[PDB]
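Participant: only the shape, not the letters, is given here:
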Ligand SMILES: *[C@@H]1O[C@H](CO)[C@@H](O[C@@H]2O[C@H](CO)[C@@H](O[C@@H]3O[C@H](CO[C@H]4O[C@H](CO[C@H]5O[C@H](CO)[C@@H](O)[C@H](O)[C@@H]5O[C@H]5O[C@H](CO)[C@@H](O)[C@H](O)[C@@H]5O)[C@@H](O)[C@H](O[C@H]5O[C@H](CO)[C@@H](O)[C@H](O)[C@@H]5O[C@H]5O[C@H](CO)[C@@H](O)[C@H](O)[C@@H]5O)[C@@H]4O)[C@@H](O)[C@H](O[C@H]4O[C@H](CO)[C@@H](O)[C@H](O)[C@@H]4O[C@H]4O[C@H](CO)[C@@H](O)[C@H](O)[C@@H]4O[C@H]4O[C@H](CO)[C@@H](O)[C@H](O)[C@@H]4O)[C@@H]3O)[C@H](O)[C@H]2NC(C)=O)[C@H](O)[C@H]1NC(C)=O
Ligand SMILES: *[C@@H]1O[C@H](CO)[C@@H](O[C@@H]2O[C@H](CO)[C@@H](O[C@@H]3O[C@H](CO)[C@@H](O)[C@H](O)[C@@H]3O)[C@H](O)[C@H]2NC(C)=O)[C@H](O)[C@H]1NC(C)=O
Ligand SMILES: *[C@@H]1O[C@H](CO)[C@@H](O[C@@H]2O[C@H](CO)[C@@H](O[C@@H]3O[C@H](CO)[C@@H](O)[C@H](O)[C@@H]3O)[C@H](O)[C@H]2NC(C)=O)[C@H](O)[C@H]1NC(C)=O
Ligand SMILES: *[C@@H]1O[C@H](CO)[C@@H](O[C@@H]2O[C@H](CO)[C@@H](O)[C@H](O)[C@H]2NC(C)=O)[C@H](O)[C@H]1NC(C)=O
Ligand SMILES: *[C@@H]1O[C@H](CO)[C@@H](O[C@@H]2O[C@H](CO)[C@@H](O)[C@H](O)[C@H]2NC(C)=O)[C@H](O)[C@H]1NC(C)=O
Ligand SMILES: *[C@@H]1O[C@H](CO)[C@@H](O[C@@H]2O[C@H](CO)[C@@H](O)[C@H](O)[C@H]2NC(C)=O)[C@H](O)[C@H]1NC(C)=O
Ligand SMILES: *[C@@H]1O[C@H](CO)[C@@H](O[C@@H]2O[C@H](CO)[C@@H](O)[C@H](O)[C@H]2NC(C)=O)[C@H](O)[C@H]1NC(C)=O
Ligand SMILES: *[C@@H]1O[C@H](CO)[C@@H](O[C@@H]2O[C@H](CO)[C@@H](O)[C@H](O)[C@H]2NC(C)=O)[C@H](O)[C@H]1NC(C)=O
Ligand SMILES: *[C@@H]1O[C@H](CO)[C@@H](O[C@@H]2O[C@H](CO)[C@@H](O)[C@H](O)[C@H]2NC(C)=O)[C@H](O)[C@H]1NC(C)=O
Ligand SMILES: *[C@@H]1O[C@H](CO)[C@@H](O[C@@H]2O[C@H](CO)[C@@H](O)[C@H](O)[C@H]2NC(C)=O)[C@H](O)[C@H]1NC(C)=O
Ligand SMILES: *[C@@H]1O[C@H](CO)[C@@H](O[C@@H]2O[C@H](CO)[C@@H](O)[C@H](O)[C@H]2NC(C)=O)[C@H](O)[C@H]1NC(C)=O
Ligand SMILES: *[C@@H]1O[C@H](CO)[C@@H](O[C@@H]2O[C@H](CO)[C@@H](O)[C@H](O)[C@H]2NC(C)=O)[C@H](O)[C@H]1NC(C)=O
Ligand SMILES: *[C@@H]1O[C@H](CO)[C@@H](O)[C@H](O)[C@H]1NC(C)=O
Ligand SMILES: *[C@@H]1O[C@H](CO)[C@@H](O)[C@H](O)[C@H]1NC(C)=O
Ligand SMILES: *[C@@H]1O[C@H](CO)[C@@H](O)[C@H](O)[C@H]1NC(C)=O
Ligand SMILES: *[C@@H]1O[C@H](CO)[C@@H](O)[C@H](O)[C@H]1NC(C)=O
Ligand SMILES: *[C@@H]1O[C@H](CO)[C@@H](O)[C@H](O)[C@H]1NC(C)=O
Ligand SMILES: *[C@@H]1O[C@H](CO)[C@@H](O)[C@H](O)[C@H]1NC(C)=O
Ligand SMILES: *[C@@H]1O[C@H](CO)[C@@H](O)[C@H](O)[C@H]1NC(C)=O
Ligand SMILES: *[C@@H]1O[C@H](CO)[C@@H](O)[C@H](O)[C@H]1NC(C)=O
Ligand SMILES: *[C@@H]1O[C@H](CO)[C@@H](O)[C@H](O)[C@H]1NC(C)=O
C-alpha cells in the first residue's frame, strides 16, 4: 500500500502494515539553516517523547506488545466484531478520547508492580 | 556558554549528527528484533543466488570490505525479508498468545 | 509523594517510586532568548541519551530495577542487608561507594560480554 | 542449512565529507583558542594492520575547509573596534633630517594633515611619520595613502595578539581519520601501514611566503613533492630534515601617539624616534645553508637526471608579496629581500644578513576590498625562526641543454597547509553487516 | 570503638631516605575514613592527608598515602630537615574519633 | 626498534632503585606502551609496570602499590624505573618490553575488537640484593 | 583468571606431537592467551596469541608452521607436530584485563618441555 | 585566611571552674562550620572532648555532664567566639587544649561523615595546670 495507505480500511485490516509508518518517523546561519536545524531538533524530540512512553510500559522494540491490565466495560461495551471490522482508527481514537489518561496511568503502576514482583522470584 | 562566533556552528552540528547517527542506527536495529544484541540470529534462509561460497572460505580468507563489495547488489532485499519476517514472527507470537 | 518526595526516606522506601523520576528527565529567531531555549533542548537531549547509552551496554535497556550476575565483593561494603535498606538513604550510600564506582562500572561491561554467541554459530 | 545473521560494529568505512571542530590546549587572541574543547591528554591511535589505503594529497578536502576557517577567523576581530574612514587626505610630506644613516634616505617621511576633532565645525593640524611603501605622490610635497582608491581602511585592533596557537582538528561521532606512517611518503600512492585516530596533531596557522616558518620537520630525508613535476606552473614543496635558525631584528625604538579623532574614538600613530635609525635585518647561518642546499640538490637529481646543472636564482618580478619574503613577528609586518640566499650553481662562522622593510598597510589573503592598518609597536622587536621548508618553481627553456633554473615563489596560502595535512584522510564508519551462519533464532 | 595501632614506635633516618609508617585499625574501614597529622615539638598539629590518599592545599607532593583493607600506609620520600616530628593516624568512620599513639622521627 | 638495557651491580637493602632501557630506531613520543616485567629465578614471570608513550597514563601492580615509580625523559628517549624500600629477597631479572594496539580485519566468527600485542622483547638485567 | 596451567613436567620424544594446555579459572571463558617461549640462558620472545578457536593475529618473527593453536571452552592448546633439537624451552601464558587506567597482566606458572 | 587565638596560660586549684575562650578570624557564620574542642596531655596522645555543629553541642561518652560548650555568631564589632567551661576539675586535667574548625558547606567534601569529621585548621593551645 505505502505510507498511510491503510487509512481508510478497518482496524483489523490496518494492523498488519504497522512497519511502514514506524520507519518514517525519524528521517553560515542563513534563513534556510535555522529552519532545518529546528526541524531536526523537533523531529528528534518527537521521536524521543514517543520512545520514552514506549519504554516506560515495557514495549522496547515491540509494536503489538501485550499488557496485563483488564479492559473495563465502562470504556467501550462493543464486541470484537463491531471494532475490528466496522470502525476505523480515525473514529476509535475519538470514541475513547475521554478515557486515555486513566489507561495511561494504569499502564504504569502495573508494569512497576510486575518489575517489583520479579525481584521476589529470583531471591529463592 | 553558547557563543556562535566561528566555533558555535561547528560544535552544535557535530552533536546533532552524533544524535542522528545514534538514533538512526538504534531505529534500524530495533525493527529487526535485536535491540541490545550483536551476534543475534534470524529466521530467514540464505539463498544460493546471493553467494555460492562455502562456509570454510568466507570466515577464514575473506575480508569485510570484500564481503561488502561482493553482495552489494543483494543488500536491500535482505533488509526487506528481515522486516517481513519480524512482523510475521510478531503476528505468530500474538496468535499463539491469544489461546 | 511527587517529584523528589522520597529524598528523606530510606533505600527500602524510595526504591518503590522510581516511575515518578523515570518520566521527568526529558520534558524562533537568533535573539538572546532564542538560543537559550535551543541550548536547553540540546542539553536535555544530551543528558538523556548519555544516561540511556550506559544501560544499553549492560543489558538493562528498558528496565528500572535490573540485576545481573556480577558478584558483590566483600571489600566494597561490610554491612548487612538490614543496615543499608532500613537505615541508610541514597544520599549517604553514594558517598561510601565513590572510590569503587568505576570498578563496578568496568565489571558490568564485560558481563553482558561473556554472554555473547560463540562457535554455536560455526 | 544457512541463515542470515546481522553484525553490528564491522570495520567497514567509506569516503565522505563532514565538519571538523577545533580543540586547543587548556589576554585575547585573533584565533579563538578559549572557545575550543579541551584536548584529551591520552590520544587513542589504532594501528590498522593489513590495510593498504591509497592517499592523494592534491584532492584533499581538509585544506579547503581549513582555509575557509582561517579566513573567517580573521574578519571577526576587526569588526567591534575603531575603523579609520577619514584618514586618507591630502598629506604634506617632507623628508627627515636626524641622526640617520645613508640607506634610510628616502624611507621615512614626515607628513602633516588636518583632521576633524570632536567638534564638527573645527579642525586640528597634526603630524605623523609614514613609510615610503605607504605613501603615493599626486603629480614639502603632496602625498596620499595607497588604499584610498582601492579598499576601505580599518585599523588592526589593539587588544588582540598575532602569535600562532597549535590547534587540533578533531572528528565527530561516526567518523575517523586515517593516517599513513610512511616516513618517505610523497603524498600520492598506496600505504600499507595506516592508523585510525580522532584528532590531528598540533598545527600552527603561520602565514609566510618563499620561506616556510616553524611548522614541522621530516624524519629521514629531505622530501620533494609536487602536483605535476613536468608542467612549470605548479609549485614544488621541499621539506627539510633539519631546522635552520634565523634571527630577525629591528633596532628602531618607536613611540606610540594617540590622536583622538571623531567622538569616542582614537588613532594610534608613530611619534618621535629616540635614538638612531638602523635597518631591520635577518641573520642566517652560512655553514648550514650550503649543506641544506647540497641536500636539496642531492634529493632533486632523481627527477631531472644525474648530469643536470642546477642554478639557483632570485625572483623574477611582480608585486611586493611574491618578490619579497613577508612575515610577522613581534607585532609588525616584515618584508625581506631574499636575493642573497638563492645564488648558487651545482654541477655534476660567518652569517648572511638580509635587510627588510616594515610595512603597516597589509592586504591579507590577496583580496580587494578589505585592508588593515597595524598599530605601531613600542620597543625593540627581535625574534627567531626555524626554516623547515621551501617553495620553489621552475621555468621552461628550449629543452636542448642540461641546465635548470629554480626560483622561489608563492602567493597562494594553500601550499602552506598542504605540507602538514598530507597524510590525514577523513572516513565514515559503517557498522552494519550481514553474513551466513548455521544458527537459528530460538 | 576502633583502636588504632601505629607502627613503628621509634625510628631514625637521614636526609634522602623514605619513611614508611603503618596504621592498623580494629574493624574494617571500607569507606577509607582516615587522616594523617604531623606535629612539631612546641607547635600546633597540621593536617596533611585526609581520606586515604587525598592531599591538602599547601602540602607538598613528597608525601603519599595508601589504603588496603585495614592497613593505612604513609610514605615520605626525599626527607628534609623540617619533617622531624610526631605523626598520628586518626579515623573518623564511627563515633567518636580515635587517634594513634605517635611516631617519633629522629635524625641519624 | 631495538632495546638496550643498562643495569647496576649489587643493591644494598633499604635503599632506592634505578634502571633504564634505551630505545633505538623509533621515537619515544609515539603511540606505544612500555612494560617493565620482573622474574625471580626459579618461579614464573610477574608483570610490574606499564607506561603509555604518548600520554601520562601509568599502570602498576596492585600488590606493589605506592612502591613503583616509572618516569620518562624525551631528551634522549629514556624511561626510568624506581622501587624504594628494597626487600632483600627481591633478587630477580628485569625486562623492558613493548606492546601496541592491534585491530586487524580477518572476518572472524566473533567480533572481538582491538587488543594488545607484544612485538619487541628485552634482554633483561640481573638485580641481586 | 590467575592462569591455572600445567606443571613443569612434560615428557616428549623425537617425532611426536605435544599439546600444551593453558586453562582459565572457569569464570571468563572468552579471553586471549599469549604464549611466551623463554630459552634457558636467553631472553624470552613472543610466539603466538591464541583464543576462542584458532589464532587471532599472526605468528612471531622466526616461527615455523609446525606450531598451531586451538581453543575449546576453557582450554587453549598449543600443538607442536615435529620436534627438532631446539624445541625445548619454558612456555608461559599471559592474560590482560581491564582498561587503560585499571590495566592488569596476569602471568602463568610455566611448563618445561623435555626431550628423550 | 582564618586565624585562631585563645586565652593565656593560667593555673587552677582542685574545686574551681575553668573557662577557655576561642576566637576565629575569617569565619562569617557558625552555621557553615563546626567547632571541635580537644585536649592533649604532656607525654600522651590526643583525646576528643566535644564539638558543636549545626548549632547543636555534644560531647563524648567520657565527658558527659561535666563540660559545657557554647558559641555565638558574628557580632558587628567582635569576632565570633566559642567558650568551653569545665566544672569541678580533678588533678589529672593539666593539659594543652585545642580549638579547631571544620568547614561543613559541601556535602561531597569528604572531610565529614555524619558529624564525625577531621580537623583542618588548628588553634593555638591553652596550657591548663592544676595543683594544690
Ligand atoms: C542567620 O539566622 C540564623 C537563624 O537560624 C542565626 O542563627 C542563630 O544564631 C544565634 C547566635 O546569636 C544562636 O543563638 C545561640 O544559640 C546557642 C545554642 O546553644 C545550644 O546548646 C545549649 C547547650 O545545650 C547543652 O546543655 C543543656 C543544658 O545543660 C542540655 O540540656 C543539652 O542537652 C546540652 O547538653 C549536651 O551537651 C553537654 C556538653 O556541653 C553534654 O554533657 C550533655 O550530655 C548533652 O549531650 C542549649 O542550652 C541551647 O538550648 C537553648 O536554645 C534553644 C533554642 O536554640 C531553646 O529551645 C532551649 O530551650 C535553650 O534555651 C535556653 O537558653 C536561652 C538562651 O540561649 C534562654 O533564653 C532560654 O530561656 C533557655 O534558658 C542550644 O540548644 C546558645 O548557646 C547561645 O547562647 C549564648 O548567647 C546568649 C545570648 O547572648 C546568652 O544568654 C547565653 O548565655 C550564651 O552566651 C554564652 O556564650 C557566649 C559565647 O561563648 C559568651 O560570650 C557569653 O558570655 C555566655 O557565656 C556564659 O555562659 C557560658 C556557658 O554557656 C559560660 O561558660 C561562660 O563563662 C559565661 O558565663 C545563643 O543563644 C541561635 O541559636 C541561632 N539559631 C538557630 C536556629 O540555631 C544566625 O546567627 C544568623 N546569621 C547572622 C550572621 O546573624
Ligand atoms: C628550532 O629547532 C631547534 C632544534 O630542533 C629547537 O631547539 C630545541 O628546543 C627545545 C625546546 O623545548 C629543546 O628541548 C629541551 O628539552 C629538555 C628536556 O629535558 C628541557 O630540559 C629543555 O628545557 C628544552 O625544553 C631541544 O633540546 C632543542 N634542540 C636542540 C637545541 O638541538 C628550537 O627550539 C627550534 N626553534 C627555534 C625558534 O629556534
Ligand atoms: C617560531 O617559534 C618561536 C619559539 O621560540 C617563536 O618565538 C617566540 O615568539 C613569541 C611571539 O612571537 C615571543 O613572545 C614575545 O616576546 C617578546 C620579547 O621578545 C615580548 O615582549 C612579547 O610580549 C611576547 O611575549 C617569544 O619571545 C619568542 N621566543 C621564544 C623563545 O618563545 C616564533 O615567534 C615562532 N615564529 C612565528 C612566525 O611565530
Ligand atoms: C616632523 O615635523 C614636525 C613639524 O610639524 C616636527 O615638529 C617640530 O619639531 C621641532 C624639533 O623637534 C620642535 O622644536 C617643534 O616645536 C615641533 N613642532 C611641532 C608643531 O610639534 C617634528 O619634530 C618632525 N619629526 C621629526 C622626526 O623630525
Ligand atoms: C588645513 O587647514 C588650513 C586652514 O585652517 C589650511 O590653510 C589654508 O591653506 C590654503 C591653501 O593651502 C590657503 O590659501 C589659506 O590661506 C590657508 N589658511 C586658511 C585660514 O584658510 C591648510 O592648507 C590645511 N592643510 C594643512 C596640511 O595644513
Ligand atoms: C589606485 O592608485 C594606485 C596608485 O597610483 C594605482 O596604481 C598604479 O596606477 C598607475 C596609474 O597612474 C598605473 O600606471 C600603475 O600600473 C599602477 N600600479 C603600480 C604598482 O604603480 C591603481 O591603479 C589605482 N587603482 C585603480 C583602480 O586605478
Ligand atoms: C647580524 O650580523 C651583523 C654583522 O655580521 C651584526 O652587526 C654587528 O653588530 C655588532 C653589535 O652591534 C657590532 O659591534 C658590529 O660592528 C656589527 N657588524 C657590522 C658588520 O656592522 C648584527 O648584530 C647581527 N644581528 C643579529 C641579530 O645577530
Ligand atoms: C640567534 O640567537 C641565539 C640566541 O637565542 C644565538 O644563540 C647563542 O649563540 C652564541 C654564539 O656565541 C652562544 O654563545 C650562545 O650560547 C647561544 N645561546 C644563547 C641562549 O645565547 C644564535 O647564535 C643566534 N644565531 C645567529 C645566526 O645569530
Ligand atoms: C633579482 O636579481 C637581479 C640581478 O641581481 C635584479 O635585477 C636588477 O634589479 C635592479 C633593481 O630593480 C636594477 O637596478 C638592475 O639593473 C637589475 N639588473 C639586471 C641585470 O637586471 C632583480 O631586480 C632581482 N629581483 C628581485 C625581485 O629582487
Ligand atoms: C635585493 O638585494 C640585491 C643585492 O643585495 C639587490 O640588487 C642590487 O640592486 C641595485 C639596484 O637597486 C644594484 O645597484 C646592485 O648592483 C644590485 N646588487 C647586485 C649584487 O647586483 C636588489 O635590488 C634587492 N631587491 C630589492 C627589491 O631591493
Ligand atoms: C651571486 O654570486 C656571485 C658569485 O660569487 C656574485 O658575484 C661576485 O660578487 C662579489 C661581490 O661584490 C664581487 O666582488 C665579485 O667580483 C663577483 N664575481 C665573482 C666571479 O666572484 C654575485 O654578486 C652574487 N649576487 C648576489 C645578489 O649576492
Ligand atoms: C576516594 O575518592 C575521593 C574523591 O573522588 C578522592 O579524593 C580526591 O583525591 C585526589 C587525589 O589526591 C585529590 O586531588 C582531590 O582533591 C580529592 N578530592 C575530591 C575530588 O573531592 C580520594 O583520594 C579517593 N581515595 C583513594 C584511596 O583513592
Ligand atoms: C474501501 O472500501 C471498499 C468497500 O467499502 C473496500 O473494498 C476497499 O478495500 C477499501 N479500501 C481500502 C484501502 O481498504
Ligand atoms: C471500572 O470502572 C469503575 C467505575 O469507575 C471502577 O469502579 C472500577 O474500578 C473499574 N474497573 C477496572 C477493572 O478498571
Ligand atoms: C532465491 O532466489 C531465487 C531466484 O532469484 C528466487 O526465485 C527465490 O524466491 C529465492 N528464495 C529465497 C529463499 O530467497
Ligand atoms: C522523616 O522522618 C520521620 C521520623 O521522625 C518519618 O516518620 C518520616 O516518614 C520521614 N519522612 C520521609 C519522607 O520519609
Ligand atoms: C593479510 O591477510 C591475507 C589474508 O586475507 C594474508 O594472505 C596476508 O599474508 C596478510 N598480510 C600480511 C602482511 O600478513
Ligand atoms: C627627499 O626624499 C626623496 C626620496 O628619496 C628624494 O627624491 C628627494 O630628493 C629628497 N629631497 C631632499 C630635499 O632631500
Ligand atoms: C627606547 O626608548 C625608551 C624611552 O621611552 C627607553 O626607556 C628605552 O630604554 C629605549 N630602548 C632602548 C633599547 O634603549
Ligand atoms: C658549498 O659546498 C660546496 C661543496 O659541497 C662548495 O663547492 C661551495 O663552494 C660551497 N659554497 C659556499 C658558499 O660555501
Ligand atoms: C643516478 O645516480 C644514482 C646515485 O645513487 C644511481 O643510484 C642511479 O642509478 C643513477 N641513474 C642512472 C640512470 O645512471
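Facilitator: Yes, it's here. Residues are numbered from 1 along each chain as shown, chains lettered A, B, ... in the order given. Ligands and ions are numbered 1, 2, ... in the order given.
Participant: report how many residues lie close to residue D:280.
Facilitator: Residues contacting residue D:280 under the criterion other CB atoms under 10 Å in any protein chain shown number 20. For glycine as for every other residue, the C-beta is placed from the backbone atoms N, C-alpha and C.
Participant: apart from its neighbours in sequence, what residue is nearest it?
Facilitator: Sequence neighbours aside, residue D:250 is the residue nearest to residue D:280 in space, at 3.7 Å (criterion: CB to CB, 6 or more residues apart in numbering or on different chains).
Participant: same check on residue D:27?
Facilitator: Closest to residue D:27 by CB to CB, 6+ apart is residue D:161, at 6.9 Å.
Participant: I'd assumed residue D:30 was in contact with that neighbour.
Facilitator: Yes. Counting by CB atoms under 8 Å, residue D:30 is a contact partner of residue D:161 at 7.2 Å.
Participant: higher neighbour count, the two?
Facilitator: residue D:30 (19 against 11).
Participant: okay, that one and residue B:5: tell me how far apart.
Facilitator: When distance is defined by CB to CB, to the nearest Å, residue D:30 is 12 Å away from residue B:5.
Participant: contacts for stretch D:370-382 next, please.
Facilitator: Defining contact as CB atoms under 8 Å, 6 or more residues apart in numbering or on different chains, one finds that stretch D:370-382 is touched by D:75, D:78, D:84, D:87, D:147, D:150-156, D:158, D:247-256, D:268-270, D:329-333, D:360-364.
Participant: touching, residue E:94 and residue H:116? I think so.
Facilitator: Yes. Contact status for residue E:94 versus residue H:116: in contact at 6.9 Å, counting by CB under 8 Å.
Participant: mind listing the strands for the chain?
Facilitator: Reading this off chain A. Ranges of strands in chain A, per DSSP state E: none exist.
Participant: could you do chain H instead?
Facilitator: Here chain H has its strands, by DSSP E, at H:3-6, H:10-12, H:17-25, H:33-40, H:46-53, H:56-59, H:67-71, H:81-87, H:95-103, H:112-113, H:116-117, H:126-130.
Participant: so what's the residue count around residue 16?
Facilitator: Went with chain A since none was named. For residue A:16, using other CB under 10 Å, the count is 15.
Participant: please refer instead to chain F.
Facilitator: 16.
Participant: now it. Nearest residue, chain neighbours left out?
Facilitator: residue F:84 (5.4 Å).
Participant: contacts only, for that neighbour.
Facilitator: E:18, E:75, E:77, F:15-17, F:67, F:69.
Participant: could those go into a markdown table alongside secondary structure and distance to ligand 3?
Facilitator: Formatted as a markdown table, the entries for the contacts of residue F:84 read as follows, by DSSP: H, G, I helix; E, B strand; the rest coil; distance: CB to the nearest ligand atom, whole Å:
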| residue | secondary structure | distance to ligand 3 |
| --- | --- | --- |
| E:18 | coil | 38 |
| E:75 | strand | 38 |
| E:77 | coil | 34 |
| F:15 | coil | 40 |
| F:16 | coil | 36 |
| F:17 | coil | 37 |
| F:67 | coil | 40 |
| F:69 | strand | 32 |
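Participant: just the buried ones from those residues?
Facilitator: E:18, E:75, E:77, F:16-17, F:67, F:69 (16 or more other CB atoms under 10 Å in any protein chain shown).
Participant: just the closest of those to residue E:37, please.
Facilitator: residue E:75 (15.8 Å; CB to CB).
Participant: which residues does that closest one bridge with?
Facilitator: residue E:20, residue E:64 (DSSP bridges).
Participant: returning to that earlier point: and the residue nearest to residue D:27, how close does it get to residue A:1?
Facilitator: 66 Å.
Participant: closest residue of chain F to chain A?
Facilitator: residue F:111 (21.0 Å; CB to the nearest CB).
Participant: that residue: how many residues sit nearby?
Facilitator: 15.
Participant: isn't it right up against residue C:113?
Facilitator: No. Between residue F:111 and residue C:113 there is no contact under CB under 8 Å: 9.9 Å.
Participant: circling back: for residue F:71, see how far away the residue nearest to residue F:16 is.
Facilitator: 13 Å.
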